[PDB]
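First up is the structure itself, then whatever we jot down about it.
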Amino acid sequence: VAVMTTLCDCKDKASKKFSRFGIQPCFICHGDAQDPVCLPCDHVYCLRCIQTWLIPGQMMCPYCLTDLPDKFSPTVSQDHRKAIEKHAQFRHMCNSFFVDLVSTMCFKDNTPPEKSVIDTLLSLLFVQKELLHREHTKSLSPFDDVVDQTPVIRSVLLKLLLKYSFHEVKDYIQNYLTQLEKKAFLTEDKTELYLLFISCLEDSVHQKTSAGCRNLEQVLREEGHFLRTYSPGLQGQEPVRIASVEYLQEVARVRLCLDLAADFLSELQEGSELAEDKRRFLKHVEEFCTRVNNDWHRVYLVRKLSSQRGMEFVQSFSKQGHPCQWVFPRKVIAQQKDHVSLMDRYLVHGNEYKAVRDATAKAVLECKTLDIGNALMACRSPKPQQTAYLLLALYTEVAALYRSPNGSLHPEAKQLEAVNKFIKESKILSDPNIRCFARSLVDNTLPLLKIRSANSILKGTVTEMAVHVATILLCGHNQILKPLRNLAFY
Ligand SMILES: [Zn+2]
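Mapped onto the authors' numbering, the consecutive letters of the sequence shown carry residue numbers 3922 to 4053, 4060 to 4417.
Structure, rendered in structure tokens:
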């Protein structure tokens, strides 16, 4: 309190000495002014505020109620601007010093500070009702002359308050939550605030676990014990408003547990047996997933699995009898076929490769080949990128046909003659380089499909990247691509 009053009256005296006894911002916007205008009552208001408020029949002062004689004509471009800049520099220095002081002195060790200090820290953030919007939130400003015209919630105070153990900081954050939901965030999208809180708690628990000196087995034992003794207690904080801190801690803990579990599942998929102890953790995860029906946890698990590894990971993971099926719901496995196809990632260009690839697919299933020509003739992005899309569509169609065993060697079933006639007729790709590339591609003699990769997972991605960079080089008549062309082809 003593140092806070020292900072406050130091700022007051500094401003008084700097700019002639008390520069004050605009009373309407309550923030630092742009293009300052000086009233006869030694008042500084914003140009926009004064132009939007002094136009009607209220030629007076919102602060001290003094009549304005003529107009807001006198503006000071010499003293007010420099004084405002100096006071802003001092206020930013004070804010940075205050945040550094609270970060260092208030959390030196594992002992929390007193109570009134935390209460004043969480109470100074507001600009509570003044006679005139009301009750804005600040970016840790010990002063009252800085606001924003929107209630904004940060997380620096919350994060710095979660550094200690969660057992002794629940009431303070609970009071802060009740304040925010009672005064600024009564009825709105509370999902954003809930996810902000849960992410802050994930960060805090990650800091606590990583910074500590403990082996992984102790944490695994505690996690398994919690999983095996977790009473649901879900219905307590569900319906519309109630969200206890304990519930948030529990869901954060299960988030961390399933994050690690997905990491371990990916590691098992890319590796050998799991040392007979990680298997117990995965079995506990499976029993937890099959015991509770809150399928959001498995949704998050598969989302994290896709983020770490990719869509192809779950695509191969969703087969028909692999001993890892508990990560799917009872409905996804029910109506999923064995004909899951690869992904047409070349849609980056936008609404042009899709049409040509659909035309190529229709020409593949049928015998007519005029559809791809019609699709090519009805689009922008001329000849270079046009032929790029055409040949990429042909490659992806032939790859989809070959990789799937049911329709292997499909073009050889009276369809390669159609594509050969299409190449012969249309002159859009009747260039020797494109012609020989297509001749290699159609009969699958290109030396890229036979990558002989034992993993057979990323080999499709590798071939896709190789053929895509080859297409970019072939269709790119650019000076920057000449060395790459020479490296790839000569
Ligand atoms: Zn203003």
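Using N, Cα and C, we set each Cβ at its ideal position, and we do this for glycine too.
- Message: What I want to know is whether the C-beta of residue 4009 ends up closer than 7 Å to one or more non-hydrogen atoms of ligand 1.
- Response: No.
- Which residues mark the beginning and the end of the alpha helix (DSSP H) in which residue 3963 is found? In this chain, residue 3963 is not harboured by any alpha helix (DSSP H), its DSSP state being neither H nor E.
- Query: Leaving out five residues before and five after residue 4380 in sequence, what residues of the same chain have Cβ atoms less than 8 Å from its Cβ?
  - Reply: Here the set comprises 4386, 4389.
- State the Cα-Cα distance for the pair residue 4071 and residue 4138, rounded to the nearest angstrom. Each residue's alpha carbon lies about 38 Å from the other.
- Message: Tell me whether residue 4005, by its Cβ, gets closer than 7 Å to a heavy atom of ligand 1.
- Response: Outside the cutoff, so no.
- Terminal residues of the alpha helix (DSSP H) in which residue 4403 lies: For residue 4403, no alpha helix (DSSP H) encloses it, and the DSSP letter there is neither H nor E.
- Item | ligand 1 site residues, beta-carbon cut 6 Å against heavy atoms | Those residues that bring their Cβ nearer than 6 Å to a heavy atom of ligand 1 are 3947, 3949, 3950, 3954, 3966, 3967, 3970.
- Any idea which residues DSSP pairs residue 4019 with across the strands? Its beta-bridge partners do not exist; DSSP assigns none.
- Query: When you compare only the Cα positions, how much space is there between residue 4068 and residue 4048?
  - Reply: Between residue 4068 and residue 4048, the alpha-carbon positions lie close to 10 Å from each other.
- Query: In the DSSP assignment, what are the bridge partners of residue 4064?
  - Reply: Residue 4064 is bridged to 4047.
- Looking at the structure shown, is residue 4014 part of a helix, part of a strand, or coil, going by DSSP? Reduced to three states, the DSSP call for residue 4014 is helix.
- Task: Consult DSSP for residue 4327 and reduce its assignment to one of helix, strand or coil.
- Result: It is helical.
- Return helix, strand or coil for residue 4367, following the three-state DSSP convention. In the structure shown, residue 4367 sits in a helix (DSSP, three-state: H, G or I).
- Indicate the three-state DSSP secondary structure (helix, strand or coil) for residue 4089 in the structure shown. DSSP places residue 4089 in the coil class of the three-state scheme, outside both helix and strand.
- What span of residues does the alpha helix (DSSP H) with residue 4272 cover, start to end? Unbroken run through residue 4272: none, as it is neither H nor E.
- Message: Using C-beta distances below 6 Å, list every residue in its chain close to residue 4215, excluding the 5 sequence neighbours before and after it, in chain order.
- Response: Correct list, in chain order: 4154.
- Assign residue 3946 to one of two classes, buried (16 or more other C-beta atoms within 10 Å of its C-beta) or exposed (fewer than that). Counting Cβ neighbours within 10 Å, residue 3946 comes out buried, since at least 16 surround it.
- Message: Once DSSP output is grouped into helix, strand and coil, what is the label at residue 4230?
- Response: Correct three-state label for residue 4230: helix.
- Task: Express the C-alpha separation of residue 4242 and residue 4286 in angstroms, rounding to a whole number.
- Result: Distance between the alpha carbons of residue 4286 and residue 4242: 25 Å.
- Enclosing alpha helix (DSSP H) for residue 4285 [first to last residue]: Unbroken alpha helix (DSSP H) run through residue 4285: 4280-4292.
- Item | the region 4087-4099 / the region 3966-3975 touching (three or more Cβ pairs under 8 Å) | Verdict: no, contact absent.
- Message: Looking at residue 4355: is its Cβ nearer than 8 Å to the Cβ of residue 4401?
- Response: The answer is no: Cβ separation not under 8 Å.
- Query: Does the separation of the CB atoms of residue 3959 and residue 3995 fall below 8 Å?
  - Reply: Yes, the Cβ-Cβ distance between residue 3959 and residue 3995 is below 8 Å.
- Query: Cα separation between residue 4082 and residue 4127?
  - Reply: Cα-Cα distance, rounded: 8 Å.
- Inter-stretch contact (C-beta, 8 Å, three-pair minimum) for the region 4268-4285 and the region 4317-4327: With the cut-off at 8 Å, the region 4268-4285 and the region 4317-4327 touch.
- Assuming residue 4192 and residue 4251 form a contact by the criterion Cβ under 8 Å, report the distance between their Cβ atoms to the nearest whole angstrom. With a Cβ gap of about 7 Å, residue 4192 and residue 4251 count as contacting.
- Message: Using the three-state DSSP reduction, which class does residue 4141 fall into: helix, strand or coil?
- Response: It is coil, neither helix nor strand.
- Compute the Euclidean distance between the alpha carbons of residue 4039 and residue 4132, then round it to the nearest angstrom. Going from the Cα of residue 4039 to the Cα of residue 4132 covers about 21 Å.
- Euclidean distance between Cα positions of residue 4333 and residue 4264: For residue 4333 and residue 4264, the gap between their C-alpha atoms comes out near 13 Å.
- Task: Apply the 10 Å Cβ neighbour rule to residue 4211 and answer buried if 16 or more other Cβ atoms are within range, or exposed otherwise.
- Result: So residue 4211 ends up on the buried side.
- Task: Under 8 Å Cβ to Cβ from residue 4144, same chain only, skipping five residues before and after it: list those, please.
- Result: Excluding residues within five positions, the ones whose Cβ falls inside 8 Å are 4204.
- First and last residue of the alpha helix (DSSP H) that includes residue 4216? 4205-4218 is the span of the alpha helix (DSSP H), which, as asked, contains residue 4216.
- Query: Is it true that the region 3985-3993 meets the region 3924-3937, where meeting means three or more beta-carbon pairs spaced less than 8 Å apart?
  - Reply: By the Cβ rule, the region 3985-3993 does not count as touching the region 3924-3937, because fewer than three pairs are nearer than 8 Å.
- Item | Distance CB(residue 4170)-CB(residue 4121) smaller than 8 Å | Against a cut-off of 8 Å, the Cβ pair of residue 4121 and residue 4170 comes out as a contact.
- Out of 4253, 4106, 4060, 4156, point me to the one whose CA is closest to residue 4226's CA. Closest in C-alpha terms to residue 4226, from the list 4253, 4106, 4060, 4156, comes 4253.
- Message: Is the separation between the beta-carbon of residue 3935 and that of residue 4011 shorter than 8 Å?
- Response: Yes; because the gap between Cβ atoms is below 8 Å, this pair is in contact.
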